[PDB]
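Considered here are two forms of the same protein chain, supplied as structure tokens in two stand-alone entries, structure 1 and structure 2.
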Structure 1
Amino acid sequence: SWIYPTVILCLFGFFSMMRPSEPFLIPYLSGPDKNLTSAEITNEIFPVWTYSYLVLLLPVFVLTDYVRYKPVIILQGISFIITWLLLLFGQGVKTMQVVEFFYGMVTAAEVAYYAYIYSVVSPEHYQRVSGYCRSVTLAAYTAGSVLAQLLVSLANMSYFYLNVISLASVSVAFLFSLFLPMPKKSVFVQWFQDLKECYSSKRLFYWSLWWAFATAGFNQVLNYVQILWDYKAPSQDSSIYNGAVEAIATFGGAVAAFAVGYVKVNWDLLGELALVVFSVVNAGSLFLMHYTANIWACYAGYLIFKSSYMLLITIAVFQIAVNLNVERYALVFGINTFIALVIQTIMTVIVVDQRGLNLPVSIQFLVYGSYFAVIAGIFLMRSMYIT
């Protein structure tokens, strides 16, 4: 049945995403452990990750379906070992750039991790499995997050020890990915027309267009929500109050993902209504936590936004997988993620980069909320016109 591959992939996703070093990544390599200045951290180290993510997402959707989705997952586990091995025993800027390159590899293979379970289970389970997979990742995150907090609050555990235990956690993920069942088998412009034979399936462009636009704004909000929280309440002790909140926020999203799988409600009739309702919910939450002058209301707004977006993206992924009617599961997911990454990079260059408009953090979340409201109103007007 579907139980064994789903369980193995959920174990792999949990043990590969439960990394306690994530909330304390910058403090780890901005202190005595690595002795790296913050100037090189955000200008010559982090953008390498984005460039690697784009460059390595370019071939993932091309070649994942050919290799039947397993070697790319195994490649994620291999890159997980290399990334944290270099982050453990690597000094200087040069090692960090390779670390970000391998993390871009890791995410480009996370795309294949998402596509694999649809490549191996029958379509009837495509709903249930969907939620579970997403939920697991989210769950892993919050689990790891709280673990890190505990090891800062109840163990006095150094960041190096957090990193090595995270490497051990992703080491088990590699072993679980080794045991994943293998999916069964099955003039450049011609390939493009092949895409035209895949993106015309039961208006899958609509869900894909939402994915290509909503998740870019979601990633930007994730990147800059810590900055907004620091700006709103400039407290030196807010860090413990910040990351932990993200944890529970992620947990909320997990529940939302678990909302999709567990309940048995048709989504091919409620897909448009759910999309528009939770998109206007995302817009309202983004506007709520920008305007309110209290960090608790902003925390609630962020939790609502993250949970609603996670539910929406679970629905989007399930509906794309079901309506695809072609085996190219990682091509659609890969191209959607690549287009969304391009949009996110362009809009963060326009909005945040000095070469761009360079809006302040006060107006950054206003324009994020306006962008999400525009996205919601596009589907509001389309649904009303279609009726």
Structure 2
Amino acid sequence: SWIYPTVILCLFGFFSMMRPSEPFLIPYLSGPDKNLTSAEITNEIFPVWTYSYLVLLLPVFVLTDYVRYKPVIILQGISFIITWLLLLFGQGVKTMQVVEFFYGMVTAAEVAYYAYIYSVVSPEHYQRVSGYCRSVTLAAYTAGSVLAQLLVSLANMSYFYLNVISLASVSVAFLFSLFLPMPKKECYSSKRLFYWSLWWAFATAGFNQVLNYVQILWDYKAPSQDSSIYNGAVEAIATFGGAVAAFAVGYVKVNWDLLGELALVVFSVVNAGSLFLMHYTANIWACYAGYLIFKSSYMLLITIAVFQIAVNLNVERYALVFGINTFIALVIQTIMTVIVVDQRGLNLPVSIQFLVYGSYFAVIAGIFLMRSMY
């Protein structure tokens, strides 16, 4: 009964998240294909994704529970197809800004993917359900990264054909959503829900902040003329590390009623100490291992939060609660980026940035580690 919805949902997730063209976006757009300058791509195109994402997250989390979810997953599929068609055949700066608007729609509509399954499945399959859905996306990301690396180097695959492969992947994914079963017909009062959302809001803002500077840190630490190959490979392995960590959450029989918070504290410290290790250590392998632990550890927690939010939601407000938490994370991340990295703010170099990111994650652990009064 639960197998068919889960199978179709994870097939859609795998085929949508498998996109070879993603790691070569900047080389593609600034390359000989589109000829967009670095200043343009960085300041006029890319920001439209953040504002489009921020604005579109509002209707998504406002309505996704009303429309019963499937309409939102289908909309995400169509947005995927439009985005990649424009990427393939769209030339100019305004066209790329529209591409970024539709990608903001695509990512903002992802709340329905994780929200959808708890409406069609019984509460007793929520743990297993949560693990597969997160892992297939990360397994798909790793597979796409490996395929792109092999093709671009071994197959001399041009970025246009990576884009074509990703377009075919998202088209197949769109075809998989038409068959998804349709579900049928101030909520933070619970403290588990409140704290799981608090960690989601703040940890998520920090996580997406690191990802844009890991490769910059690795280059500064160990200047290597072939860093690009190693930077991609470690990203993929770190992404595969969280796929099995996410998968292992749904399989292992552990009483999550008592291990909910305990896991939050233990892996919150591993997210802090892992970041200090990349900042302080001189070996790049120690820095590579730090990223693997940080990304794998975070994805272990993001799986428990979604599972542990859905369990304590009395009302079927899955997209509201998930949608708010990824929106407040967007606000936090955008504010923090301005303070820390932006020239308008402090303009910290990557040398010290991870002491900020490292301690920023220690503060998160500090709040959760100190909730025991006697």
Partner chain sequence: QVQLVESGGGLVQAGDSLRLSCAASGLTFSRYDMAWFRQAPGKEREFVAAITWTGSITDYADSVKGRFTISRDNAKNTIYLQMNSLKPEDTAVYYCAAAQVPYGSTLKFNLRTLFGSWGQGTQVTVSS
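Between two forms, the rigid core is defined as the largest C-alpha subset superposing within 1.5 Å. Residue 1 is the first residue of structure 1, and the numbers go on in sequence order from there. Only residues modelled in both forms are compared.
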For this session: Mark the structure, either 1 or 2, that is the form solved in complex with its partner chain.
Result: 2
Problem set entry | Only residue that shifts (Cα, 2 Å or more, rigid core superposed) between the two structures, among 235, 158, 219, 91 | 235
For this session: Once both forms sit on the same core, give the Cα displacement of residue 203 between the two structures in angstrom.
Result: 3.3
Exercise. Relative to the superposed core, what is the Cα shift for residue 358 between the two structures, in Å?
Worked result: 1.4
Exercise. Segments of at least 3 residues with every CA displaced 2 Å or more between the two structures, core-aligned, in sequence order?
Worked result: 201-203, 233-236, 383-385
